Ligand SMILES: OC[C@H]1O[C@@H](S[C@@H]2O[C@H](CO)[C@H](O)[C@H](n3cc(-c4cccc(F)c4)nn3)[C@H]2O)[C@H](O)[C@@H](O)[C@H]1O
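Single chain ahead, by itself, as structure tokens, in the form deposited without this ligand.
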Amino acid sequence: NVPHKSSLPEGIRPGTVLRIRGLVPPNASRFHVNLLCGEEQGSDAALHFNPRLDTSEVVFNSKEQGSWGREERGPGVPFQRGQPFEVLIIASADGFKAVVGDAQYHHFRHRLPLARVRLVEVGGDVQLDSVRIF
């Protein structure tokens, strides 16, 4: 459950799929899914997928050398309070594909080498059903 952590000793490669299923609680403000390069605190973040329900946005970003990059925003917020959700983050050679429900939501080009991802974190105001990595 939250905070959910999924170690990836041998990293990921094009063709890796991250399936997160869960619920957005009634008064959820925002939750986040991070593809990090290490388990230590303040580690670099290859991907930062932050759905924000209170502001009705979905922010994509990356952390490198302790400082964040520029935020990208997807088309709307495909999450709603009190409704379950299924998210797929698919790793390709070019970037990360965020798929919500039965629609492609956003494509995040790689800012850091995909070979450096070593951990998946999921936190915030969310009640997870399952976190699986195929």
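A residue's number is simply how far along the shown sequence it sits, counting from 1.
Look at the mean CA B-factor for 39-47 and for 88-96 in the entry; the higher one is 39-47. Comparing the deposited coordinates for 122-130 and 9-17, the stretch with the larger average C-alpha B-factor is 9-17. In this PDB entry, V117 carries a Cα temperature factor that places it within the middle third of its chain's modelled residues. In the deposited entry, the Cα temperature factor of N34 places it in the lowest third of its chain's modelled residues.
Sort the chain's modelled residues by C-alpha temperature factor and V77 lands in the middle third, per the entry. Per the PDB record, residue ranking by Cα B-factor puts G101 in the middle third of the chain. Among the modelled residues of its chain, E64 has a C-alpha B-factor that falls in the highest third according to the deposited record.
One more form of this protein should be noted, the form solved in complex with this ligand, which is absent from this view; the next part is about it.
Within 4.5 Å of any heavy atom of this ligand in the deposited bound form lies no heavy atom of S43. Contact between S56 and this ligand in the deposited bound form is not found at the 4.5 Å heavy atom cutoff. Shown alone here, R73 lies within 4.5 Å of this ligand in the deposited bound form, counting heavy atoms only. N50 belongs to the set of residues with a heavy atom inside 4.5 Å of this ligand in the deposited bound form.
In short, of 61-69, 76-84, 35-43, 98-106 it is 61-69 that has heavy atoms within 4.5 Å of this ligand in the deposited bound form.
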